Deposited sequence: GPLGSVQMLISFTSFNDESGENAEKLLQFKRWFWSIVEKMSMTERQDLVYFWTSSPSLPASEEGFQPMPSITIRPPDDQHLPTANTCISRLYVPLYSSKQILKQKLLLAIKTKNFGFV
């Protein structure tokens, strides 16, 4: 039920690819990682804004509205790394 807001400036094939990468990573998360993710995103134990690409910046959240911000990373590996690093 999560909606995406495209604020990335990037092309549709890149956006679609990134969306696939993201859900793939979330699918493979452990129960502890998923709990850490939901807490990070929502502050409880709907949407994602995809920002322009920046491989040195971590994902952040506006928890008041349950909005995760994630830069459109250049690889699946970088996405996984920075998402796991952000939520822990």
| query | finding |
| --- | --- |
| Where the deposited sequence has no C-alpha coordinates (positions from 1, in order) | 1 to 11, 57 to 68, 112 to 118 |
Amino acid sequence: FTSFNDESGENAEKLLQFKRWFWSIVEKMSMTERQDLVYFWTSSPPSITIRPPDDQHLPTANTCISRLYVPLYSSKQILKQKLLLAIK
From here on, numbers count along this sequence of modelled residues.
| item | value |
| --- | --- |
| 46 to 54 versus 25 to 33 - greater average Cα B-factor per the deposited record | 25 to 33 |
| Chain-relative CA temperature factor third for residue 20 | highest |
